[PDB]
Amino acid sequence: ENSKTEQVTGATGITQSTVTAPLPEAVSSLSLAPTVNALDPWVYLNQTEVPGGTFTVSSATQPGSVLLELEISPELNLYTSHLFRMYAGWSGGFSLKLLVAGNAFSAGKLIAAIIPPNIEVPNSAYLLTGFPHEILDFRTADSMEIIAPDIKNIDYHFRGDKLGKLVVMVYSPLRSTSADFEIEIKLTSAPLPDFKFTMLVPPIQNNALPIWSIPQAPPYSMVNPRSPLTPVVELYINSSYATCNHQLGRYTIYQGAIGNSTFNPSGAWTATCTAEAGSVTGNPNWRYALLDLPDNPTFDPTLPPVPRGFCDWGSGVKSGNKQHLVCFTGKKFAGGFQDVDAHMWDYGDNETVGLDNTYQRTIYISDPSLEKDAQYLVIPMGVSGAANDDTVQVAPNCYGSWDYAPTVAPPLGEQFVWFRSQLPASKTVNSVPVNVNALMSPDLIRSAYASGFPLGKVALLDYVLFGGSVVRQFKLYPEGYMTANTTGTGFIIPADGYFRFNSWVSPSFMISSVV
Amino acid sequence: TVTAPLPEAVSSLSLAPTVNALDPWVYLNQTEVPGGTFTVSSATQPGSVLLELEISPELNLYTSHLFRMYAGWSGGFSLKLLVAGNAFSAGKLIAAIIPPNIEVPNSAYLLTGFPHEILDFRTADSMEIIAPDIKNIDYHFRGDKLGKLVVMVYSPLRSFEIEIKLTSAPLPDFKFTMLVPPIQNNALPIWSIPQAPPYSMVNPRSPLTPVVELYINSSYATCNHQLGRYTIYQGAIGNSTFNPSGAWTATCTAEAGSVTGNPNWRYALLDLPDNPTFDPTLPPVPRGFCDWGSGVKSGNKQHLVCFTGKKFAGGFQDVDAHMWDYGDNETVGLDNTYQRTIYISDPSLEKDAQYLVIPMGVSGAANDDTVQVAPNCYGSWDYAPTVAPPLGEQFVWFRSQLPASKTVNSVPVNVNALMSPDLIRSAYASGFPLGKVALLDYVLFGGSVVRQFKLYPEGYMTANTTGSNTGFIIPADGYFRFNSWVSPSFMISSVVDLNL
Amino acid sequence: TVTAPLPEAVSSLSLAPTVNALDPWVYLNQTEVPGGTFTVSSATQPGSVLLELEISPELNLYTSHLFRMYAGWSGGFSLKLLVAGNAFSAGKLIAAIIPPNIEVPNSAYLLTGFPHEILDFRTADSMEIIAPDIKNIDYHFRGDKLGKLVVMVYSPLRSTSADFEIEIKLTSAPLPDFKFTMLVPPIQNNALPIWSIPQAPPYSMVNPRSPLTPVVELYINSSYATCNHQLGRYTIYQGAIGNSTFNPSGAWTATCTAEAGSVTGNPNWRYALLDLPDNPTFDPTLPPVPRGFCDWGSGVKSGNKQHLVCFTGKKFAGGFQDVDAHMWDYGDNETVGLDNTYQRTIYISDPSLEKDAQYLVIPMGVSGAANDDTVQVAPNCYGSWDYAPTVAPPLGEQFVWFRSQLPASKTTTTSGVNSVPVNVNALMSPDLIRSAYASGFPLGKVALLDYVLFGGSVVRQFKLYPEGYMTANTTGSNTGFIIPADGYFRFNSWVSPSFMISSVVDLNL
Amino acid sequence: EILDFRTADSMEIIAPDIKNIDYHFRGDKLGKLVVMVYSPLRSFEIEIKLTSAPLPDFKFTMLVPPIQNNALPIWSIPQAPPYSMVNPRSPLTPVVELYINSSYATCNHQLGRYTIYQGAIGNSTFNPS
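Chains as they are written, first to last, in the numbering used here: chain A, 7 to 521; chain B, 284 to 783; chain C, 229 to 737; chain D, -3 to 125.
So, in structure tokens, the structure goes:
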């Protein structure tokens, strides 16, 4: 441990570089390691940016908010993260350099703390003083090297062990004469000289790659999973769409397709129903039918109540007098379906909340001649009456104990970025022109399964237009949604740019490029 | 030797980044083991585990206080078993040390294959077992798998409940590893109870009426209430709430119809703020709304009573007393059932108009026993389960008096709640040790009289009783104090004699 | 940069029956001092005490926690001063050590007669101060008189150019001679250095000034500079005070014996005396009102314009008969000692009151001209009983209120009683202060609380006083600032009373 | 220290002099021995008594004349029979009997009332006659 001081160019203040070990490192003997694998000597000499190792302190940020929270692991450094795929186990700490863009005419302090494994992080700078910690001042801070121990009770780690953390928060609030001033903080890492790997194994792991390579396909090349016959023509933003309740176009890094979503939305769009006894009260044209369940023959409450991939477009509460969904429908015979034409259809019975506006097995079709217990093709294709983008945007409700996709929202100050397609009318039943949005396309998150996301982190994506004269930035969450930072009805982004991986960020990260 | 059937393997602690020494006097003083108290008698079933303790810093008051400011630990304990038997106590106890990842057998014969010590129930000395820290790691963190002490009957009591308790101290090799701030999620080994008398605690089934009595009734073998239900781990578990008053009031929307046999019994549906899409996995009744019993197929002999009036312009018009009940008084899924459908005995109600409902009494042939048995709960929603006290114990109830109102005429009744939120509020701050019950002293007349109750994590109090009585009363101006942590099957030494 | 204004005298601890060593690592890490956080601003006056601390085990996070299991202690602390200073500020603090039995002065002049150090804002950062353990005895027991550290403004904070504030934190470690004396069970009277609060939302808490109506809002209003309420008053020291109760719902219902005669010039406005179950001897030193009974204001001499509203009905064997709405008020409509006074005499606008008959009283509204403003000022204290003191937030701060909407009761009958819709504010709910009795507050210290909205995305900061109120730092002024009641409180830290919350509420949006 | 009620031996606790001062005067705050039930009697009144001796380090400081305000550890009662004692409610009539009555659950008398600390406490007097 030490500190050195440098005078600033103009002599109007100083910068400090400090090296500290808040907690002693306990160098493992590695006596139980079958082999000890040395790293290339240059890997100890290269400080790379840490995944999620970037935060901005505004004068708004409270001394209660955690700015950075990072596990002490091979994932801290680019080359140890790549190298670890080749190894069964690892041992040893990291040098963690906190680079602070401070200034002598500001005021305020950071605290950085080492937190042992199986201990929770407190939302308080007062409580962080109970840990091994350092305090930095914004007037003089420039570089702080934390010698972060690998805190363990085992000779070396395998995967899936619980790890010590670095935590950074504001100790004392940022002050400046200017309202626009920010302290930018960046964390870099290299393995300590005592860092080792333990056993060569083939480089196939569940653990996420340190860099994600994205195909460079434009959004217009990707399927809209809520309207598969129509191409994506814009990325779209609308500040009133504060939540998503869709069951189609729902994917996650962890679980794959969730809700009633599928990776072949074009081959799943078609369904079949068996036509029931009876019709909706007051509307004898509105014959009931039950969607056929190949996946759910015995109608188990834990498996989906609707066929995999079948339409989740909305029509509002108790609104069949006003608007409907539209489909091609035709009766089943040898080899296919007969007399296929456009009919109005909807979910439920236009009255009861358990059925109406609910994603479940019972539908009505507005055709007066449904034969009882006969099968009918159902290909959803449009909407009719007073229907519009906002009615189609709100899906029918999920219900019961099946594994539906949850309702999701962007963090405060952010907005969802949608994959949007134009769905055309068709005329003599008559449809209306409407725009369909999806939260995500399966063709983007396909690539993300092939690389993985680091646990607890989000992809910051550049979206590149005209080769780079415009670049948008979005956060793609592992929970499936993609999101933008906005200031100030609908807003349109061209669909012929391409996604490029920028970096890993925390869910709490504020995107610097603003839409 | 016999005290150390398995040695303590001293750790080098070479992987510990710091090693923290304890105060030397912590090793020299035995404390009671937090939750190391249990009872045994001739009613104890063969092969039953009497006590099962993980070997950890939680075994001693000083090490459990100290461990709150430490990340990890290493080293065993010396334990002493104190047995409160006498000269007639013919039988044997076995205490065994079980390694991590070993299944505990339900057989004393098999417990002799573990490192063990055997004790006679007549022995007036304490037995001094070493409980070593079994590990393959340099020191522990929180959430590691631990070795156990298992206590079991070796020789049954053939020839009075025998209380047994443990004391402990850490072994001289015990160490504490890394300093951290003193905040942890696990239970305090001592619970400090606010000295608040039961009369100062809300009745959650009758918020407007003070608690006047603690109450015992040998015929109330079960509680089925959806109000007054508070578990230490899950919070308020039924249709229950921590502010009963604020939740007592409801609104309903009037329906066109009337009950099949009577044109005055107009239907309404209760408004559900917390369940707007009427999901059958969520509650079918407003949070905290009245669960008073009105009996099976009883609508012509008794009703519930509410203040009710039409919703209007920032208030309510014409609020006065009316009869009401759940369901239709004929169908087994609506009559006497805790669900959204009610009827009000006012013929006036406009279809789709909204009405106040403030439950305020009962009328006709209603008694304490009818109000005691809440309506049945059915569906896929998270209703509180029906609870019974363990055999030879009775529930202790918070009882309030609900006064009559007269011109609809309501009768005077008593309302019992199983628990008040105001006692269990301090228990959520303090926590409960896993698989333990709180023994509470309830202190009366300056300590001249002291009752004893078990407060379960499942959210109720019991007393141990002799005799039988259909309304024993206890003054509500005493105070609870924490005695100790006990096993769920612990038999209380203070008996409430119900026969007076 | 190490200052000992008075020498530390090392005790031999000869007399101690045991000497208990601390963990060697507790002497090596400086923690924040539990309450040792304070702010200085250009508004902060010369000679103001910013920080007062007893020199005791409570000065450090680990020794405060450890002291819960010890009967006694000896030895001082090494304090370090962390000053979030800036390039433009001038001014001086004075840090003084006061011996155990001596009173703290109220001026810089007298404070300079103690052992002290003067601390300029240009050079005070990372200065170290020995806080010595002054005693004439081998070690302390609990409840002994202790030496103090006092920090005061010596020269006021001034700035060249921009008007900054300075937040100062102390950190501490025990000196090497620090020891504990005797193991006792971990239940001892010193406050825990951390308070842990169960995450109950404000809407899940009772409003003690309107029990039947849920809390819907936390509320702020720049004109509500004073609280004189008797209901909703709780302190960590005393529990419920001034006619408040821990079950406000159960206490809401009174009875009154009807009294002979009626208000002068208003023969419909019959007197009654509230019945006093807890004061049947009618002692002047016990409360003149039933415990937990309504303290709503209804103006001064205001009966022609506005009244309180309740359900009433006469007592019988069968409970209460013919229960319905009436107007009522405290005292007379004229006499200053009775009118707008929290006392036993009421009047009810009911001609039918029989002499010596007992009537139910359930307050549930206000009528006529009554508004939020008039309900907010409680009827006056009067006499020698233990009434709750009138309180204000400190200069530059506002109370945070627990607010509930009280709906209007309407009747369609001619001359039938009619309420107006109103919001009711309480200063505190008993459900928040519940966990503070078990933890304790440190002596002369305030709880800084985070209040957490939107999963952590918005964090209000409030100061919870041990005298039973929350305050916020605010800018602008407004008569209706709303904070959602669906967040939860998280303990942030202990602070001195004069600490200024950094997190300012923009009260005009 | 913990003891079983069956133990026929005596239990030999050291009660140390806890102090932060060199020696005590009268009226100092002192440490205590507290005796309490550890395990309740579940299965006859059990009499318990203490004996003691000072520890070898015990010392007495400064000589003063042998007069003190605190109670003698032995009370010597004059061997006077009750018939020689005045009845304070009937001074002229000798006491003839000591008397017990199970129905006299209370005394409310203002005569014949003498507390050891407050003296004659009611309307009572030491010369009834």
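The beta carbon of each residue, even a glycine, is placed where N, CA and C say it ideally should be.
The C-beta distance from D:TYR110 to D:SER120 rounds to 6 Å, short enough to fall under 8 Å.
For A:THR62, no Cβ of chain C is located within less than 7 Å of the residue's own Cβ. Runs of the beta strand (DSSP E) lying entirely within the region 609 to 654 of chain C, each at least 3 residues long, are 625 to 634, 636 to 638 and 650 to 654 in chain order. Residues of chain D with a Cβ closer than 8 Å to the Cβ of C:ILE415 do not exist; the shortest Cβ-Cβ separation is about 15 Å.
At least 7 Å separates the beta-carbon of C:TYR452 from that of C:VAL443. Rounded to whole angstroms, the separation of the alpha carbons of D:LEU51 and D:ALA11 is 9 Å. CA-CA distance, C:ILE325 to C:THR231, rounds to 12 Å.
Within the region 9 to 37 of chain D, the residues whose Cβ lies closer than 7 Å to any Cβ of chain C are, in chain order, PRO12, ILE14, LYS15, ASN16 and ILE17. If you check the CB distance, B:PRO317 and B:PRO472 come in under 7 Å. The beta strand (DSSP E) runs lying completely inside the region 16 to 79 of chain D and spanning 3 residues or more number zero. By the neighbour-count criterion, in which a residue is buried when 16 or more other Cβ atoms sit within 10 angstroms of its Cβ, B:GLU400 is buried. In the three-state scheme derived from DSSP, where H, G and I count as helix and E and B as strand, A:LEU331 is classed as strand.
Taking C-alpha positions only, A:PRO500 is separated from A:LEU445 by approximately 16 Å.
Judged by their CB atoms, C:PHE369 and C:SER317 are not nearer to each other than the 7 Å cut-off. Under the Cβ distance rule, B:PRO300 counts among the residues neighbouring chain A, one pair being separated by less than 7 Å. Residue-level contact check: C:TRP253 touches chain B, since one or more beta carbons of chain B fall below 7 Å from its beta carbon. For B:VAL542 and C:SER490, the gap between their C-alpha atoms comes out near 49 Å.
The C-beta distance from C:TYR697 to C:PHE627 rounds to 6 Å, short enough to fall under 8 Å. With respect to the 7 Å criterion, C:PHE717 and C:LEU681 are not classified as neighbours on the basis of their beta carbons.
Between the beta-carbon of A:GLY406 and that of B:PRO563 there is about 7 Å, and that keeps the pair under the 8 Å contact cut. Along the region 656 to 681 of chain C, going in chain order, the ones with a CB nearer than 7 Å to a CB of chain A are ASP678. According to DSSP, residue pairing for C:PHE717 in a beta bridge involves C:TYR679.
With a 10 Å radius around the Cβ and a threshold of 16 neighbouring Cβ atoms, B:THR745 comes out buried. Distance from the CA of A:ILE517 to the CA of A:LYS481, rounded to the nearest whole angstrom, comes to 8 Å. Separation of the CB atoms of C:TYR587 and C:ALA500 is rounded to 7 Å, and the pair is thereby assigned contact status at 8 Å.
Boundaries for B:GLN517: no alpha helix (DSSP H) harbours it, and the DSSP string shows neither H nor E there. For B:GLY529, the enclosing alpha helix (DSSP H) has its first and last residue at 527 to 531.
DSSP places C:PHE295 in the uninterrupted alpha helix (DSSP H) bounded by 289 to 295. Using a Cβ-Cβ cut-off of 8 Å, D:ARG85 is close to nothing in chain B; its nearest Cβ partner there is about 30 Å away.
Only residues of its own chain outside the window of five on either side were considered, and among them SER457, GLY458, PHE459 and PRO460 have a CB closer than 7 Å to the CB of A:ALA214, listed in chain order. Taking 8 Å as the upper bound for CB-CB distance, A:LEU76 and A:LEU172 are in contact here, some 5 Å apart. DSSP, read as helix, strand or coil, puts B:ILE338 in coil. Put simply, the CB of B:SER776 is near chain D, with a gap under 7 Å to one of its CB atoms.
Neighbours of B:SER663 in chain A, taken as residues at a C-beta separation under 8 Å, are given in chain order as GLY406 and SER407. In this structure the region 252 to 260 of chain C lies against the region 128 to 135 of chain A, because at least three pairs of beta carbons, one per stretch, are closer than 8 Å. Three or more beta-carbon pairs separated by less than 8 Å link the region 307 to 314 of chain C to the region 389 to 408 of chain C, which places the two stretches in contact.
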